[PDB]
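The numbering of the sequence shown is the working numbering, which starts it at 133 and goes up by one. Just so you know, even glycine gets a beta-carbon here, dropped at the ideal spot from N, CA and C.
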Amino acid sequence: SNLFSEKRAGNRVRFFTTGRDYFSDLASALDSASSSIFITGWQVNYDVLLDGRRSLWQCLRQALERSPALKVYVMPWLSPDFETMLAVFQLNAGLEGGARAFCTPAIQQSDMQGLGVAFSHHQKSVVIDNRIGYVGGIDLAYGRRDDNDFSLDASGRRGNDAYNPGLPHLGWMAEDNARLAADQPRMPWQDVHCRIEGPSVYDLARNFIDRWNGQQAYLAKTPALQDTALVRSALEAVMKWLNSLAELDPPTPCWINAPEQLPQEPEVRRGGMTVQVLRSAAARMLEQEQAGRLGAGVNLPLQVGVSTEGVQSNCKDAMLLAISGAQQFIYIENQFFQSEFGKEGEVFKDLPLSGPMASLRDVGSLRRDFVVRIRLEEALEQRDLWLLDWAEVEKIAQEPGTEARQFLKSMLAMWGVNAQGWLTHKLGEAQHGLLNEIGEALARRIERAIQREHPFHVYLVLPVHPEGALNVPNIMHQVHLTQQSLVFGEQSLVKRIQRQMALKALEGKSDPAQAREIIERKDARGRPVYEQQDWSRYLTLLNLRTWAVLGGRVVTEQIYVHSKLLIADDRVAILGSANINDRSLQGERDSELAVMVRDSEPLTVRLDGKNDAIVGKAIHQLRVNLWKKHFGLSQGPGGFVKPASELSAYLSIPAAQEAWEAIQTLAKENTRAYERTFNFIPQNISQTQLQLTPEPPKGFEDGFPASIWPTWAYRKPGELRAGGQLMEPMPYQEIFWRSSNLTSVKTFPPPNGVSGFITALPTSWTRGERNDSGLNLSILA
Ligand SMILES: [Ca+2]
Numbered sequence: 133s134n135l136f137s138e139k140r141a142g143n144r145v146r147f148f149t150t151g152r153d154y155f156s157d158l159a160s161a162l163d164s165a166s167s168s169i170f171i172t173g174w175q176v177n178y179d180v181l182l183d184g185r186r187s188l189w190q191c192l193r194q195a196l197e198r199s200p201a202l203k204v205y206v207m208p209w210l211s212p213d214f215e216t217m218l219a220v221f222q223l224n225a226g227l228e229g230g231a232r233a234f235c236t237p238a239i240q241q242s243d244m245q246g247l248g249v250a251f252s253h254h255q256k257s258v259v260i261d262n263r264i265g266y267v268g269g270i271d272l273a274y275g276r277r278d279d280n281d282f283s284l285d286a287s288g289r290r291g292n293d294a295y296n297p298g299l300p301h302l303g304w305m306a307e308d309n310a311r312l313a314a315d316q317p318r319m320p321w322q323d324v325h326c327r328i329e330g331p332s333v334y335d336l337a338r339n340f341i342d343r344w345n346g347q348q349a350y351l352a353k354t355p356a357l358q359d360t361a362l363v364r365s366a367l368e369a370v371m372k373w374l375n376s377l378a379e380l381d382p383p384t385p386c387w388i389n390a391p392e393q394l395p396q397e398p399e400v401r402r403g404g405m406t407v408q409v410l411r412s413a414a415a416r417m418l419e420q421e422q423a424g425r426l427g428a429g430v431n432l433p434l435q436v437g438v439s440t441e442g443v444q445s446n447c448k449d450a451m452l453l454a455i456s457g458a459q460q461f462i463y464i465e466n467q468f469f470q471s472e473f474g475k476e477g478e479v480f481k482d483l484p485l486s487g488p489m490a491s492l493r494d495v496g497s498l499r500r501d502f503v504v505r506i507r508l509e510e511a512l513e514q515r516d517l518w519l520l521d522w523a524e525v526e527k528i529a530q531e532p533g534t535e536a537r538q539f540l541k542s543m544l545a546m547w548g549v550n551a552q553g554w555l556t557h558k559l560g561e562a563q564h565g566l567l568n569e570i571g572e573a574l575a576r577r578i579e580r581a582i583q584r585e586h587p588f589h590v591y592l593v594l595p596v597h598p599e600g601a602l603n604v605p606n607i608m609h610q611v612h613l614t615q616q617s618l619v620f621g622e623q624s625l626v627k628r629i630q631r632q633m634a635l636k637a638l639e640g641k642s643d644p645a646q647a648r649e650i651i652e653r654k655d656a657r658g659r660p661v662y663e664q665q666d667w668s669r670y671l672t673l674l675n676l677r678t679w680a681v682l683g684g685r686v687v688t689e690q691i692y693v694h695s696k697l698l699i700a701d702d703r704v705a706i707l708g709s710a711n712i713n714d715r716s717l718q719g720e721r722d723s724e725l726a727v728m729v730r731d732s733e734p735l736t737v738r739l740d741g742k743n744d745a746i747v748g749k750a751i752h753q754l755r756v757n758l759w760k761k762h763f764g765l766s767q768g769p770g771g772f773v774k775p776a777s778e779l780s781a782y783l784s785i786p787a788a789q790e791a792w793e794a795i796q797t798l799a800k801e802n803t804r805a806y807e808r809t810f811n812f813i814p815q816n817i818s819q820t821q822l823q824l825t826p827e828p829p830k831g832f833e834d835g836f837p838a839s840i841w842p843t844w845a846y847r848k849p850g851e852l853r854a855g856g857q858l859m860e861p862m863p864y865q866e867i868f869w870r871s872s873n874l875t876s877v878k879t880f881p882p883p884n885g886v887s888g889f890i891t892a893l894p895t896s897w898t899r900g901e902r903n904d905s906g907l908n909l910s911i912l913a
């Protein structure tokens, strides 16, 4: 209970349900700046158009020129560059008097020891004249600006604002110079953000200033100079309190300590929206904050019960409590969902790594004759690249043919891959399994409704897969983990709801001490009984996805759920930077910023369609307004996806059963429609893998689970270890898009009768595959 701040009434909050909204409101805010502009983010591209005409840089410049006192402070995260300092340099260029705009790349401050390089500052905050505060999931970066059309036509933006990290860029920029070819689709951005006025902006400013003055006390580029900086600050401080009574050298700090920039303690207000500001901050971050408060001499009046010392897991804590006090339903949007799930489960035995993943780092992927000839496994166990038969590799490099070339190529590839793993594994310890308990908590809230015979329901909107191409090792690994937390881990979120349903199903039909054995009992297709329960009665799992005709091509890509948002009962909303993973929630690792928000303005709804329930007006809207976005009820002229008006009746009865059955049904039909044409999108049953047996093998009744790479097929459906290949192209492949002169471009029937953007999360995707990149799990957790 190390609170970074505590609830304050009296706030006015405006939610932003689109990228374009936030960006446009930001520009108009900067048009009004006068004293100070605090910016911080995980990534800050000074060149993004905010109102589709002016770059951030221009608004910053136009503002410095207008307001002669305006001081401007950027705190980008410091990726293990020149761009940011140069841009800031350019903001001070030709200015009136000295420089008024400053930067400070923020080095991580996590408690992760030698693993500490792999963590960041993930906060997305901007604060203007200590009067307008922004916070949410949206950085000021390429690909973020987006509306409710979720268009795929990259051609309308320029630069890397034609965003799509999962696709080879095979077009050209007319003034390297690559970009998204006309026929290639953008990847759309669904995110949630908010502006805040009232007392709580104080806590937002305090987070910025204390964080800035923290990195300054440690701005010293060398560990050595750093003691000299902390003895100079101890001295210029005693000098301040004395003037208030009547070679080897550190840098001159740049404090934020002038009174214009500092904000004045808020009064106790009442009404409007109650807001609490929440951080994920590590103990080491917390001390270096205490450091700067001495350095700059800024001790901003704290509230009673806030903590200047200890790890801060306000994000995970706030979420947990909202999850347990929820009465009717939970609705979550989040880019991540990896949470503790017990023993890993459902990987095939006699297949150590998944096929695809083994093709990227298992040496058995390669011919045994070349692997023994160069003595690969001797080197691999000794991690001496040079402990190899360099005589036999020449013999192989002199041998003509493709199999000899592809070998040496993939051989070095696996070495580089594996070597990564070894690194991360020696930088620190590898936690076993996941740590945060949002899974357990959701499962537990559901079981309380199961056991006491109440209705309840949890909505989860996630990305189809993490952004990028599905063949990158870590990305595979995040999927693998994501499914573990949802469907596969022996204590996964569905297996937990299901056990519980099974257990209540036996009430008064068997002895209670026996039940835990009865539900774990095995059936005909080898699965346990508890899996006979329809968890759909409590949990809905949705991906977002659109399609389009671009350049005469039928294409599809996912709509990326970057949102980090949670709502319950339309009474409470938790908004910000925190992903349902360990990096964000635990506190000691990545730094995060979020808010809890409640509305004192009430409103009456039948959340279950029958009984009166009181909700917060602004929170109720937000969920309704989002549900419109993804239901297609908010787009405008154009696009290839019809409004899903069948759903427009359910926006105001989220806890009614009809409602989540509606959404469940359409999302199954929408996904079935895409599956009819697209054999590459992640999905439950593989459509490239053929049964070559008389009877489907054990468990593979009904079909074969799709690979992480869905057009993959295993060569020998018994020797899953033997391997396999890509029966057909994947989007991430060049050959997906241009006919290599040998072979021609495949294409696809347009999806027929899709409505809205809502999709069914493949609960079977990857089943059986262990896609373990071999990187230290604490980095992927
Ligand atoms: Ca549209």
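By the Cβ criterion, the region 602 to 618 is in contact with the region 880 to 898, since at least three pairs of Cβ atoms, one from each stretch, lie closer than 8 Å. Cβ-Cβ separation between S723 and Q241: approximately 7 Å, consistent with a contact (criterion under 8 Å). With fewer than 16 other beta carbons inside 10 angstroms of its own, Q583 counts as exposed. For secondary structure counted as the alpha helix (DSSP H) over 4 or more consecutive residues, the region 703 to 775 holds these complete runs in sequence order: 714 to 717 and 749 to 763.
Taking one beta carbon from each stretch, the region 665 to 677 and the region 437 to 447 have fewer than 3 pairs nearer than 8 Å; the two do not touch.
Taking a cut-off of 8 Å on C-beta distances, the region 188 to 198 touches the region 157 to 167, as three or more cross pairs fall below it. Where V258 is concerned, the enclosing beta strand (DSSP E) starts and stops at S257 to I260.
The region 520 to 533 and the region 487 to 494 do not touch, with fewer than 3 CB-CB distances between them shorter than 8 Å.
If you ignore the 5 residues before and after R152, its C-beta comes within less than 6 Å of the C-beta of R277 and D279, all in its own chain and listed in chain order.
Secondary structure of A645 (DSSP, three-state): helix. The closest CA to that of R401, considering only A366, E572, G265 and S332, is found on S332. Restricting attention to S167, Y178 and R327, the CA atom closest to the CA of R198 is found in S167. Note: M207 is bridge-paired with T172 in the DSSP secondary-structure output. Per DSSP, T360 is one residue of the alpha helix (DSSP H) stretching across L357 to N375.
Under the three-state reduction of DSSP output, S624 falls in the coil class, being neither helix nor strand. For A545, the enclosing alpha helix (DSSP H) has its first and last residue at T534 to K558. A straight-line Cα-Cα distance of about 17 Å links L635 and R659. For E663, the three-state secondary structure derived from DSSP is helix. The criterion of a C-beta distance shorter than 9 Å is satisfied by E472 and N568. When distances are taken from the beta-carbon of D281 to the heavy atoms of ligand 1, the shortest one is below 8 Å. Annotated three-state conformation of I607 is helix, per DSSP. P882 has its Cβ no nearer than 8 Å to any heavy atom of ligand 1. Counting only unbroken stretches of 3 or more residues, the beta strand (DSSP E) elements lying wholly within the region 252 to 291 are 257 to 260 and 264 to 268, in sequence order.
Inclusion of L594 and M543 in the CB contact set at 9 Å is not warranted, their separation being larger than that value. According to the DSSP assignment, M405 belongs to no alpha helix (DSSP H) but to the beta strand (DSSP E) extending over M405 to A413. Per DSSP, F832 lies in no beta strand (DSSP E) and is assigned neither H nor E. If you look at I578, you'll find it isn't in any beta strand (DSSP E); it sits in the alpha helix (DSSP H) that goes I570 to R584. A buried status is given to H254, since no fewer than 16 other beta-carbon atoms sit within 10 Å of its beta-carbon. Excluding sequence positions up to five before and after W667, its CB lies within less than 6 Å of the CB of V626, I629 and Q630, all in the same chain and listed in chain order. Note on geometry: alpha-carbon atoms of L272 and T150 lie some 13 Å from one another. The Cβ-Cβ distance between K760 and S887 does not fall below 9 Å. Assignment of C326 by DSSP, reduced to helix, strand and coil, places it in the strand class.
Remark: the C-beta of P317 is outside contact range of ligand 1, defined as less than 8 Å to any heavy atom.
A Cβ-Cβ contact shorter than 9 Å links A710 with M451. Three or more beta-carbon pairs drawn from the region 754 to 769 and the region 697 to 705 are found closer than 8 Å, and the two stretches are therefore classed as touching. Ranked by Cα distance from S376, the first of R364, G429 and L410 is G429.
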